[PDB]
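Read through the structure below, which is laid out as structure tokens, and then see the notes.
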Amino acid sequence: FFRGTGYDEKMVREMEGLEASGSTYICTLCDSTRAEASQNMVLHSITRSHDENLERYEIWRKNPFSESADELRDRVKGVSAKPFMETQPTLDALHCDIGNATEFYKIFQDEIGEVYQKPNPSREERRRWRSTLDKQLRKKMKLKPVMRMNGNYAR
Amino acid sequence: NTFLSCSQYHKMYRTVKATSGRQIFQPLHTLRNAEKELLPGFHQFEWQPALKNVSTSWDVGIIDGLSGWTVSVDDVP
Amino acid sequence: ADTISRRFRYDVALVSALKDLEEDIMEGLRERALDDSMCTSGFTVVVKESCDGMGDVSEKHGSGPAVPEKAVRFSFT
Amino acid sequence: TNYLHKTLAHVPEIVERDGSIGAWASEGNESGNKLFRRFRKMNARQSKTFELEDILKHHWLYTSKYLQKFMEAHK
DNA sequence: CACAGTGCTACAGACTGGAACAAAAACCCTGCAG
DNA sequence: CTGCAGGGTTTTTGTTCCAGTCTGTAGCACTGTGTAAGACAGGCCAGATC
DNA sequence: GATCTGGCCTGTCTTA
Ligand SMILES: [Ca+2]
Ligand SMILES: [Ca+2]
Ligand SMILES: [Zn+2]
């Protein structure tokens with residue numbers, strides 16, 4: 001029994017026919033769109049699978065109902081390329097931790113200043129907030145910033 | 001001379017001793033004892049005449065290069 | 001064909017990785033106290049596979065042909 | 001972000017289905033990449049032709065269990 | 001709740017030494033047994 | 001003759017502890033393998049048309 | 001000359 005689980009999201013998306021990586025259709029396991037999973041967050045059921053994506057690429061290429069580009073893209077929930085490798089519907093752990101830590105690093109960078117009072121901050125203000133946050137995170141926790149965030153910084 | 005890390009060498013030592021030994025290599029703490037002869041600060045010497053503004057103690061090992069900076073905040077860091 | 005690549009065939013690398021773990025499957029049959037000779041036809045092996053790229057692998061002068069720098073490494077466990 | 005949607009919506013489902021998550025993580029591949037660099041300076045012949053062949057062989061010899069049993073030295 | 005290291009320092013267990021003891025391994029040796 | 005119980009016998013095998021002397025692992029703080037373009041929404045202008 | 005719309009361009013967002 002073979003279980004393909006070691007790929008990150010970039011490779012799973014490009015080897016299953018999805019669109020990488022900031023598409024409207026966010027989930028590799030579900031069909032919810034970017035704005036739809038903003039209202040509703042915690043209720044979703046796993047649907048996507050290999051054979052269903054093969055059949056959906058077939059629908060997109062044959063196009064039996066003759067829809068425009070956008071409607072047809074909506075019918076197949078964003079399957080525009082034939083998948084060739086099969087990938088088990090699971091979640092990578094490491095890059096999940098890295099993505100969540102970069103999200104919280106942006107939240108802290110936002111909270112140093114006041115973004116819910118002043119909704120349009122300037123670029124220099126962003127730089128100053130990141131600089132003072134890294135100064136504080138150097139004085140305590142003994143961390144030095146990184147350009148791209150490896151996993152040790154997340155833990 | 002073969003770029004063997006200390007911990008890799010201890011791994012090799014345990015391996016060659018436990019299985020069919022009769023160990024051949026020496027333990028780590030006796031290698032570290034044959035070290036203090038090679039590094040500087042072991043042999044005696046004498047400068048004639050005495051060196052200018054240089055201490056005459058002959059046992060200084062690794063010294064920190066800062067050389068006594070008055071770390072206090074108000075000066076150069 | 002701008003690609004230099006090498007690979008073991010899947011079946012051959014699998015039977016060698018399974019024939020290597022024979023010590024542990026025999027020891028598990030012993031500890032589990034299950035009969036070694038009997039009920040030997042229904043085994044099941046669950047295998048995790050993984051594929052990944054790697055940036056800035058420096059190129060060599062060499063003869064030919066020209067090759068990109070990024071490398072891809074397919075492995076299994 | 002996508003990972004927030006996966007970590008807030010589909011975690012109970014996959015932990016119940018697979019039985020575990022993070023034991024199948026990609027960590028087990030990325031770590032190996034480290035090897036690929038040491039095995040391209042120390043142990044790989046310095047030629048474009050044979051380089052992949054010798055790296056593949058030395059990696060398969062490092063990863064086997066049969067030599068790790070010997071290297072355990074029984075405590 | 002990655003994981004195999006990364007070296008130096010610290011202190012844990014393995015040693016002797018006589019005193020003396022017990023338990024045991026196994027010969028041999030006597031009693032009580034047909 | 002044999003059988004088994006229980007006597008002694010030597011010789012393991014280890015028995016208590018304090019000076020040590022030596023060996024092997026634990027504690028310390030931290031490493032490195034995670035390394036690129038693509039999607040989308042809004043502003044606008046230039047060339048086509050009536 | 002007034003009108004318009006397709007597509008060009010630019011900034012942010014997302015996983016690497
Ligand atoms: Ca990648
Ligand atoms: Ca990758
Ligand atoms: Zn989803």
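Labeling convention for the structure tokens: chains A, B, ... as they appear, residues from 1 per chain, ligands from 1 in order of appearance.
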Shell of 8 Å around ligand 1 (only C-alpha atoms (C1' of nucleotides) and all ligand atoms), written as a PDB file with N, CA and C atoms (P, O5', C5', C4', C3', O3' and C1' of nucleotides), in the first residue's frame:
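For reference, result.pdb as written:
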ATOM      1  N   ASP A   8       4.961  19.063  -0.386  1.00  0.00           N
ATOM      2  CA  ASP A   8       4.404  20.322   0.083  1.00  0.00           C
ATOM      3  C   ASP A   8       3.217  20.710  -0.796  1.00  0.00           C
ATOM      4  N   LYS A  10       2.874  23.325  -2.985  1.00  0.00           N
ATOM      5  CA  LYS A  10       3.215  23.741  -4.341  1.00  0.00           C
ATOM      6  C   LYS A  10       3.223  22.550  -5.288  1.00  0.00           C
ATOM      7  N   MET A  11       3.906  21.479  -4.891  1.00  0.00           N
ATOM      8  CA  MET A  11       4.030  20.310  -5.748  1.00  0.00           C
ATOM      9  C   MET A  11       2.727  19.520  -5.829  1.00  0.00           C
TER      10      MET A  11
ATOM     11  N   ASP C  52      10.747  15.884  -3.565  1.00  0.00           N
ATOM     12  CA  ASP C  52      11.071  17.260  -3.224  1.00  0.00           C
ATOM     13  C   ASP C  52      12.143  17.814  -4.144  1.00  0.00           C
ATOM     14  N   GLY C  53      12.106  19.132  -4.340  1.00  0.00           N
ATOM     15  CA  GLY C  53      13.137  19.838  -5.068  1.00  0.00           C
ATOM     16  C   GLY C  53      14.160  20.476  -4.140  1.00  0.00           C
ATOM     17  N   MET C  54      15.215  21.021  -4.739  1.00  0.00           N
ATOM     18  CA  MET C  54      16.280  21.647  -3.963  1.00  0.00           C
ATOM     19  C   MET C  54      16.982  22.687  -4.819  1.00  0.00           C
ATOM     20  N   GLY C  55      17.021  23.932  -4.350  1.00  0.00           N
ATOM     21  CA  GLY C  55      17.557  25.016  -5.148  1.00  0.00           C
ATOM     22  C   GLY C  55      19.072  25.158  -5.069  1.00  0.00           C
TER      23      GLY C  55
ATOM     24  P    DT F  35      11.461  24.730   0.474  1.00  0.00           P
ATOM     25  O5'  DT F  35      12.520  25.072  -0.672  1.00  0.00           O
ATOM     26  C5'  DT F  35      13.506  26.065  -0.480  1.00  0.00           C
ATOM     27  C4'  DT F  35      13.253  27.263  -1.364  1.00  0.00           C
ATOM     28  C3'  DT F  35      14.124  27.348  -2.595  1.00  0.00           C
ATOM     29  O3'  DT F  35      13.443  28.080  -3.586  1.00  0.00           O
ATOM     30  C1'  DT F  35      14.677  29.112  -1.119  1.00  0.00           C
TER      31       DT F  35
ATOM     32  P    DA G  16       4.232  25.609   1.100  1.00  0.00           P
ATOM     33  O5'  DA G  16       5.564  26.125   0.393  1.00  0.00           O
ATOM     34  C5'  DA G  16       5.973  25.600  -0.854  1.00  0.00           C
ATOM     35  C4'  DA G  16       6.843  26.600  -1.608  1.00  0.00           C
ATOM     36  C3'  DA G  16       8.336  26.329  -1.547  1.00  0.00           C
ATOM     37  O3'  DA G  16       8.775  25.703  -2.746  1.00  0.00           O
ATOM     38  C1'  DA G  16       7.810  28.686  -1.400  1.00  0.00           C
TER      39       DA G  16
END
Sorted by chain and rising residue number, which residues of stretch 1-75 of chain C lie within 8 Å of stretch 47-67 of chain D, and what are their closest atom pairs and distances in Å to one decimal, counting only C-alpha atoms, as CSV?
residue,atom,partner,partner_atom,distance
C:4,CA,D:49,CA,7.8
C:5,CA,D:52,CA,6.7
C:6,CA,D:53,CA,6.2
C:7,CA,D:56,CA,7.9
C:17,CA,D:64,CA,7.6
C:20,CA,D:66,CA,6.5
C:21,CA,D:65,CA,6.9
C:60,CA,D:48,CA,6.5
C:61,CA,D:48,CA,7.9
C:62,CA,D:48,CA,5.6
C:63,CA,D:48,CA,7.6
Include N, CA, C and O atoms and write out the residues we just selected as a short mmCIF file (atom, residue, chain, number, x, y, z; two decimals), in the first residue's frame.
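As written to disk, selection_12.cif reads:
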data_model
loop_
_atom_site.label_atom_id
_atom_site.label_comp_id
_atom_site.auth_asym_id
_atom_site.auth_seq_id
_atom_site.Cartn_x
_atom_site.Cartn_y
_atom_site.Cartn_z
N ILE C 4 20.47 14.85 -16.79
CA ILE C 4 21.26 13.78 -16.21
C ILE C 4 20.51 13.28 -14.99
O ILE C 4 20.24 14.05 -14.07
N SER C 5 20.16 12.00 -14.98
CA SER C 5 19.39 11.45 -13.87
C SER C 5 19.76 9.98 -13.68
O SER C 5 20.29 9.34 -14.58
N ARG C 6 19.50 9.47 -12.48
CA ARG C 6 19.76 8.07 -12.17
C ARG C 6 18.67 7.53 -11.26
O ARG C 6 18.13 8.26 -10.43
N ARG C 7 18.35 6.25 -11.42
CA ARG C 7 17.30 5.70 -10.58
C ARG C 7 17.40 4.19 -10.54
O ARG C 7 17.72 3.56 -11.54
N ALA C 17 15.05 -3.37 0.09
CA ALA C 17 14.76 -2.73 1.37
C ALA C 17 13.90 -3.62 2.26
O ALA C 17 13.92 -3.46 3.48
N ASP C 20 16.22 -6.46 3.57
CA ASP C 20 17.14 -5.99 4.60
C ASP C 20 16.49 -5.98 5.98
O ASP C 20 17.14 -6.30 6.98
N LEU C 21 15.21 -5.62 6.07
CA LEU C 21 14.49 -5.58 7.33
C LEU C 21 14.08 -6.96 7.83
O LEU C 21 13.29 -7.03 8.78
N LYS C 60 28.72 21.98 -12.70
CA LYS C 60 30.12 21.68 -12.94
C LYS C 60 30.51 22.02 -14.37
O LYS C 60 29.67 22.11 -15.26
N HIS C 61 31.82 22.24 -14.57
CA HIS C 61 32.32 22.59 -15.89
C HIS C 61 32.03 21.46 -16.87
O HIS C 61 31.25 21.61 -17.80
N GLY C 62 32.63 20.30 -16.63
CA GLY C 62 32.29 19.09 -17.35
C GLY C 62 32.31 19.18 -18.86
O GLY C 62 32.86 20.13 -19.41
N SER C 63 31.72 18.20 -19.53
CA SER C 63 31.68 18.17 -20.99
C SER C 63 30.34 18.63 -21.55
O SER C 63 30.29 19.60 -22.31
#
| said: Using DSSP assignments from the backbone, pull out every residue in chain D that falls under helix (DSSP H, G or I) and give it to me as an MDAnalysis selection string. | reply: chainID D and resid 2:9 11:18 27:38 51:63 65:72
Tell me, as a PDB file with N, CA and C atoms (P, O5', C5', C4', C3', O3' and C1' of nucleotides), in the first residue's frame, which residues lie within 12 Å of residue E:13, counting only C-alpha atoms (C1' of nucleotides); anything in the same chain fewer than 3 positions away does not count.
ATOM      1  P    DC F  22      43.747   7.215  37.239  1.00  0.00           P
ATOM      2  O5'  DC F  22      42.513   6.493  36.525  1.00  0.00           O
ATOM      3  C5'  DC F  22      42.496   5.079  36.429  1.00  0.00           C
ATOM      4  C4'  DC F  22      41.270   4.588  35.677  1.00  0.00           C
ATOM      5  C3'  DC F  22      40.926   5.359  34.407  1.00  0.00           C
ATOM      6  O3'  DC F  22      40.552   4.441  33.373  1.00  0.00           O
ATOM      7  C1'  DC F  22      39.081   5.365  35.889  1.00  0.00           C
ATOM      8  P    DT F  23      40.412   4.917  31.841  1.00  0.00           P
ATOM      9  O5'  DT F  23      38.876   4.626  31.503  1.00  0.00           O
ATOM     10  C5'  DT F  23      38.276   3.409  31.933  1.00  0.00           C
ATOM     11  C4'  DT F  23      36.758   3.499  31.904  1.00  0.00           C
ATOM     12  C3'  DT F  23      36.169   4.124  30.645  1.00  0.00           C
ATOM     13  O3'  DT F  23      35.088   3.335  30.182  1.00  0.00           O
ATOM     14  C1'  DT F  23      35.338   5.234  32.562  1.00  0.00           C
ATOM     15  P    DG F  24      34.755   3.281  28.614  1.00  0.00           P
ATOM     16  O5'  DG F  24      33.287   3.890  28.517  1.00  0.00           O
ATOM     17  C5'  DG F  24      32.238   3.304  29.259  1.00  0.00           C
ATOM     18  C4'  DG F  24      31.181   4.332  29.593  1.00  0.00           C
ATOM     19  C3'  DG F  24      30.637   5.100  28.393  1.00  0.00           C
ATOM     20  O3'  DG F  24      29.258   4.786  28.214  1.00  0.00           O
ATOM     21  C1'  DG F  24      31.106   6.546  30.257  1.00  0.00           C
ATOM     22  P    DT F  25      28.446   5.315  26.934  1.00  0.00           P
ATOM     23  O5'  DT F  25      27.415   6.373  27.563  1.00  0.00           O
ATOM     24  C5'  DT F  25      26.523   5.962  28.604  1.00  0.00           C
ATOM     25  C4'  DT F  25      26.089   7.137  29.470  1.00  0.00           C
ATOM     26  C3'  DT F  25      25.212   8.180  28.771  1.00  0.00           C
ATOM     27  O3'  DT F  25      24.118   8.543  29.621  1.00  0.00           O
ATOM     28  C1'  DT F  25      27.042   9.237  29.798  1.00  0.00           C
TER      29       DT F  25
END
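Note that atom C1' of residue F:38 and atom CA of residue A:20 are 6.8 Å apart.
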| task | For chain F, list the residues within 12 Å of chain C, counting only C-alpha atoms (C1' of nucleotides), and write the list as a PyMOL selection string. | result | chain F and resi 33-36
| So how many Å separate atom CA of residue B:45 and atom CA of residue B:30, to one decimal? |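 That distance, rounded to one decimal, is 26.8 Å.
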| request: Compare A:69, A:49, A:9, A:17 by their minimum atom-to-atom distance to ligand 2, counting only C-alpha atoms and all ligand atoms, and give me the closest one. | output: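 Smallest separation from ligand 2 among the options: A:9.
For the residues A:71, A:19, A:14, A:31, ranking by smallest atom-to-atom distance to ligand 2 using only C-alpha atoms and all ligand atoms places A:14 first.
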| request: Counting only C-alpha atoms (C1' of nucleotides) and all ligand atoms, name the residues that have an atom within 8 Å of an atom of ligand 3; the answer should be given as a count of residues only. | output: 15
| said: Need to verify the contact set: residue G:7, 12 Å, only C-alpha atoms (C1' of nucleotides), exclusion of same-chain residues closer than 3 positions in sequence. Can you return it as JSON, numbers by chain? | reply: {"F": [44, 45, 46, 47]}
Keeping only C-alpha atoms (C1' of nucleotides), write those residues as an mmCIF file, in the first residue's frame.
data_model
loop_
_atom_site.group_PDB
_atom_site.id
_atom_site.type_symbol
_atom_site.label_atom_id
_atom_site.label_comp_id
_atom_site.auth_asym_id
_atom_site.auth_seq_id
_atom_site.Cartn_x
_atom_site.Cartn_y
_atom_site.Cartn_z
ATOM 1 C "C1'" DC F 44 -6.524 54.272 -16.605
ATOM 2 C "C1'" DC F 45 -5.288 55.267 -21.373
ATOM 3 C "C1'" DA F 46 -5.134 54.672 -26.155
ATOM 4 C "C1'" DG F 47 -6.977 53.530 -30.057
#
Do you know which residues are at most 12 Å from stretch 135-148 of chain A counting only C-alpha atoms (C1' of nucleotides), after dropping those on the same chain fewer than 4 positions away, and could you put them as a PDB file with N, CA, C and O atoms (P, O5', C5', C4', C3', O3' and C1' of nucleotides), in the first residue's frame?
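Result went into around_36.pdb, see below:
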ATOM      1  N   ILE A  98       5.189  26.292   9.634  1.00  0.00           N
ATOM      2  CA  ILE A  98       5.865  27.488   9.124  1.00  0.00           C
ATOM      3  C   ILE A  98       4.851  28.536   8.660  1.00  0.00           C
ATOM      4  O   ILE A  98       5.004  29.731   8.938  1.00  0.00           O
ATOM      5  N   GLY A  99       3.803  28.113   7.949  1.00  0.00           N
ATOM      6  CA  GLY A  99       2.795  29.064   7.500  1.00  0.00           C
ATOM      7  C   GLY A  99       2.042  29.712   8.645  1.00  0.00           C
ATOM      8  O   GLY A  99       1.773  30.917   8.628  1.00  0.00           O
ATOM      9  N   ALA A 101       3.190  30.142  11.726  1.00  0.00           N
ATOM     10  CA  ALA A 101       4.080  31.063  12.421  1.00  0.00           C
ATOM     11  C   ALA A 101       4.313  32.340  11.625  1.00  0.00           C
ATOM     12  O   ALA A 101       4.455  33.410  12.222  1.00  0.00           O
ATOM     13  N   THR A 102       4.314  32.279  10.290  1.00  0.00           N
ATOM     14  CA  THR A 102       4.427  33.532   9.542  1.00  0.00           C
ATOM     15  C   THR A 102       3.145  34.357   9.660  1.00  0.00           C
ATOM     16  O   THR A 102       3.204  35.594   9.729  1.00  0.00           O
ATOM     17  N   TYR A 105       3.398  36.037  13.045  1.00  0.00           N
ATOM     18  CA  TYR A 105       4.412  37.081  12.976  1.00  0.00           C
ATOM     19  C   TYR A 105       3.871  38.335  12.308  1.00  0.00           C
ATOM     20  O   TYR A 105       4.218  39.449  12.716  1.00  0.00           O
ATOM     21  N   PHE A 108       1.565  40.009  15.053  1.00  0.00           N
ATOM     22  CA  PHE A 108       2.358  40.774  16.021  1.00  0.00           C
ATOM     23  C   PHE A 108       2.917  42.045  15.390  1.00  0.00           C
ATOM     24  O   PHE A 108       2.891  43.116  16.004  1.00  0.00           O
ATOM     25  N   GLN A 109       3.460  41.936  14.171  1.00  0.00           N
ATOM     26  CA  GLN A 109       3.916  43.112  13.436  1.00  0.00           C
ATOM     27  C   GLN A 109       2.797  44.130  13.261  1.00  0.00           C
ATOM     28  O   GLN A 109       3.059  45.336  13.231  1.00  0.00           O
ATOM     29  N   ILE A 112       2.074  45.731  17.097  1.00  0.00           N
ATOM     30  CA  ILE A 112       3.051  46.687  17.617  1.00  0.00           C
ATOM     31  C   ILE A 112       2.517  48.103  17.445  1.00  0.00           C
ATOM     32  O   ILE A 112       2.401  48.866  18.407  1.00  0.00           O
ATOM     33  N   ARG A 128       9.320  50.472  10.361  1.00  0.00           N
ATOM     34  CA  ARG A 128       9.651  50.815  11.741  1.00  0.00           C
ATOM     35  C   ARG A 128       9.033  49.826  12.725  1.00  0.00           C
ATOM     36  O   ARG A 128       9.665  49.461  13.725  1.00  0.00           O
ATOM     37  N   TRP A 129       7.811  49.360  12.444  1.00  0.00           N
ATOM     38  CA  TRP A 129       7.167  48.376  13.314  1.00  0.00           C
ATOM     39  C   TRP A 129       7.901  47.042  13.284  1.00  0.00           C
ATOM     40  O   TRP A 129       8.104  46.415  14.330  1.00  0.00           O
ATOM     41  N   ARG A 130       8.312  46.591  12.099  1.00  0.00           N
ATOM     42  CA  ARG A 130       9.065  45.345  12.027  1.00  0.00           C
ATOM     43  C   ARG A 130      10.410  45.484  12.721  1.00  0.00           C
ATOM     44  O   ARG A 130      10.869  44.551  13.390  1.00  0.00           O
ATOM     45  N   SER A 131      11.053  46.647  12.591  1.00  0.00           N
ATOM     46  CA  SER A 131      12.347  46.848  13.236  1.00  0.00           C
ATOM     47  C   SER A 131      12.226  46.805  14.752  1.00  0.00           C
ATOM     48  O   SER A 131      13.027  46.151  15.426  1.00  0.00           O
ATOM     49  N   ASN A 152      12.642  26.040  12.927  1.00  0.00           N
ATOM     50  CA  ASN A 152      13.128  26.219  14.292  1.00  0.00           C
ATOM     51  C   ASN A 152      12.624  27.534  14.868  1.00  0.00           C
ATOM     52  O   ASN A 152      12.251  27.613  16.046  1.00  0.00           O
ATOM     53  N   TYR A 153      12.586  28.571  14.034  1.00  0.00           N
ATOM     54  CA  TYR A 153      12.006  29.844  14.430  1.00  0.00           C
ATOM     55  C   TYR A 153      10.534  29.699  14.777  1.00  0.00           C
ATOM     56  O   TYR A 153      10.053  30.370  15.688  1.00  0.00           O
ATOM     57  N   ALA A 154       9.815  28.791  14.107  1.00  0.00           N
ATOM     58  CA  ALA A 154       8.396  28.580  14.390  1.00  0.00           C
ATOM     59  C   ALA A 154       8.188  27.897  15.734  1.00  0.00           C
ATOM     60  O   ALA A 154       7.331  28.310  16.525  1.00  0.00           O
ATOM     61  N   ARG A 155       8.960  26.842  16.007  1.00  0.00           N
ATOM     62  CA  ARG A 155       8.844  26.141  17.285  1.00  0.00           C
ATOM     63  C   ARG A 155       9.289  27.010  18.457  1.00  0.00           C
ATOM     64  O   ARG A 155       8.862  26.775  19.591  1.00  0.00           O
TER      65      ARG A 155
ATOM     66  P    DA F  29      21.466  26.588  28.921  1.00  0.00           P
ATOM     67  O5'  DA F  29      21.865  26.897  27.409  1.00  0.00           O
ATOM     68  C5'  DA F  29      23.007  27.688  27.116  1.00  0.00           C
ATOM     69  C4'  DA F  29      23.124  27.935  25.621  1.00  0.00           C
ATOM     70  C3'  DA F  29      21.838  28.381  24.938  1.00  0.00           C
ATOM     71  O3'  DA F  29      22.139  29.314  23.910  1.00  0.00           O
ATOM     72  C1'  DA F  29      22.540  26.295  24.039  1.00  0.00           C
ATOM     73  P    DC F  30      21.045  29.722  22.808  1.00  0.00           P
ATOM     74  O5'  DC F  30      21.474  28.884  21.521  1.00  0.00           O
ATOM     75  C5'  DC F  30      22.843  28.676  21.232  1.00  0.00           C
ATOM     76  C4'  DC F  30      23.002  27.827  19.988  1.00  0.00           C
ATOM     77  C3'  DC F  30      21.856  27.939  18.977  1.00  0.00           C
ATOM     78  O3'  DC F  30      22.387  27.960  17.650  1.00  0.00           O
ATOM     79  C1'  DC F  30      22.206  25.706  19.522  1.00  0.00           C
ATOM     80  P    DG F  34      17.290  23.253   1.644  1.00  0.00           P
ATOM     81  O5'  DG F  34      16.677  24.241   2.730  1.00  0.00           O
ATOM     82  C5'  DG F  34      15.468  24.923   2.478  1.00  0.00           C
ATOM     83  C4'  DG F  34      14.292  24.055   2.850  1.00  0.00           C
ATOM     84  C3'  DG F  34      12.926  24.687   2.638  1.00  0.00           C
ATOM     85  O3'  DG F  34      12.279  23.980   1.627  1.00  0.00           O
ATOM     86  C1'  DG F  34      13.076  23.506   4.701  1.00  0.00           C
ATOM     87  P    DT F  35      11.461  24.730   0.474  1.00  0.00           P
ATOM     88  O5'  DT F  35      12.520  25.072  -0.672  1.00  0.00           O
ATOM     89  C5'  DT F  35      13.506  26.065  -0.480  1.00  0.00           C
ATOM     90  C4'  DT F  35      13.253  27.263  -1.364  1.00  0.00           C
ATOM     91  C3'  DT F  35      14.124  27.348  -2.595  1.00  0.00           C
ATOM     92  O3'  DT F  35      13.443  28.080  -3.586  1.00  0.00           O
ATOM     93  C1'  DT F  35      14.677  29.112  -1.119  1.00  0.00           C
ATOM     94  P    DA F  36      13.425  27.572  -5.104  1.00  0.00           P
ATOM     95  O5'  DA F  36      12.229  28.391  -5.780  1.00  0.00           O
ATOM     96  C5'  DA F  36      12.421  29.743  -6.194  1.00  0.00           C
ATOM     97  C4'  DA F  36      11.193  30.271  -6.924  1.00  0.00           C
ATOM     98  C3'  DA F  36      11.460  31.401  -7.895  1.00  0.00           C
ATOM     99  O3'  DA F  36      11.862  30.875  -9.180  1.00  0.00           O
ATOM    100  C1'  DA F  36       9.567  31.925  -6.530  1.00  0.00           C
TER     101       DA F  36
ATOM    102  P    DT G  15      -0.697  30.240   2.187  1.00  0.00           P
ATOM    103  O5'  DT G  15       0.373  29.241   1.541  1.00  0.00           O
ATOM    104  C5'  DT G  15       0.047  28.474   0.371  1.00  0.00           C
ATOM    105  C4'  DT G  15       1.299  27.904  -0.284  1.00  0.00           C
ATOM    106  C3'  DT G  15       2.387  27.443   0.694  1.00  0.00           C
ATOM    107  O3'  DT G  15       3.039  26.257   0.240  1.00  0.00           O
ATOM    108  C1'  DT G  15       3.259  29.038  -0.761  1.00  0.00           C
ATOM    109  P    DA G  16       4.232  25.609   1.100  1.00  0.00           P
ATOM    110  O5'  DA G  16       5.564  26.125   0.393  1.00  0.00           O
ATOM    111  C5'  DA G  16       5.973  25.600  -0.854  1.00  0.00           C
ATOM    112  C4'  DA G  16       6.843  26.600  -1.608  1.00  0.00           C
ATOM    113  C3'  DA G  16       8.336  26.329  -1.547  1.00  0.00           C
ATOM    114  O3'  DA G  16       8.775  25.703  -2.746  1.00  0.00           O
ATOM    115  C1'  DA G  16       7.810  28.686  -1.400  1.00  0.00           C
TER     116       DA G  16
END
| task | Find the spatial neighbours of residue B:23, counting only C-alpha atoms (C1' of nucleotides), within a cut-off of 12 Å - ignore same-chain residues fewer than 6 positions away - and output them as a list in words. | result |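 My list of contacting residues is residues 12, 13, 14, 15, 16 and 17 of chain B.
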Written file, previous selection with N, CA and C atoms, as an mmCIF file, in the first residue's frame:
data_model
loop_
_atom_site.group_PDB
_atom_site.id
_atom_site.type_symbol
_atom_site.label_atom_id
_atom_site.label_comp_id
_atom_site.auth_asym_id
_atom_site.auth_seq_id
_atom_site.Cartn_x
_atom_site.Cartn_y
_atom_site.Cartn_z
ATOM 1 N N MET B 12 33.139 5.488 16.584
ATOM 2 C CA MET B 12 34.020 4.460 16.033
ATOM 3 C C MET B 12 34.748 3.693 17.134
ATOM 4 N N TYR B 13 35.151 4.387 18.199
ATOM 5 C CA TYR B 13 35.854 3.756 19.316
ATOM 6 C C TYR B 13 34.980 2.725 20.006
ATOM 7 N N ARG B 14 33.762 3.120 20.382
ATOM 8 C CA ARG B 14 32.828 2.170 20.975
ATOM 9 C C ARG B 14 32.574 0.997 20.040
ATOM 10 N N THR B 15 32.439 1.262 18.737
ATOM 11 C CA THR B 15 32.142 0.183 17.800
ATOM 12 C C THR B 15 33.285 -0.820 17.710
ATOM 13 N N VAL B 16 34.523 -0.339 17.567
ATOM 14 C CA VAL B 16 35.646 -1.257 17.388
ATOM 15 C C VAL B 16 35.988 -1.960 18.694
ATOM 16 N N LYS B 17 35.682 -1.352 19.844
ATOM 17 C CA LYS B 17 35.982 -2.016 21.110
ATOM 18 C C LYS B 17 34.939 -3.071 21.461
#
9 Å contact set for residue G:13, only C-alpha atoms (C1' of nucleotides), chain neighbours under 2 positions out, as a tab-separated table (two decimals) with N, CA and C atoms (P, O5', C5', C4', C3', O3' and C1' of nucleotides), in the first residue's frame:
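around-v2.tsv, written as the output of this step:
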chain	number	residue	atom	x	y	z
A	22	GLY	N	-2.14	31.03	-4.88
A	22	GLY	CA	-2.99	32.03	-4.28
A	22	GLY	C	-4.30	32.14	-5.02
D	1	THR	N	-5.50	32.57	4.89
D	1	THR	CA	-4.46	31.72	4.31
D	1	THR	C	-4.90	30.25	4.26
F	39	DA	P	-1.62	31.98	-12.52
F	39	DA	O5'	-2.72	32.57	-11.52
F	39	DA	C5'	-3.07	31.84	-10.35
F	39	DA	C4'	-3.80	32.72	-9.36
F	39	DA	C3'	-4.93	33.55	-9.94
F	39	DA	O3'	-6.13	33.36	-9.18
F	39	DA	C1'	-3.38	34.95	-8.74
F	40	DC	P	-7.53	33.93	-9.73
F	40	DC	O5'	-7.59	35.39	-9.14
F	40	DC	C5'	-7.39	35.61	-7.78
F	40	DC	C4'	-7.44	37.09	-7.48
F	40	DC	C3'	-8.49	37.89	-8.28
F	40	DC	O3'	-9.35	38.65	-7.35
F	40	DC	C1'	-6.37	38.94	-8.29
| field | Atomic distance atom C1' of residue E:18 - atom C1' of residue F:13, expressed in Å with one decimal | value |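 It comes out at 17.1 Å.
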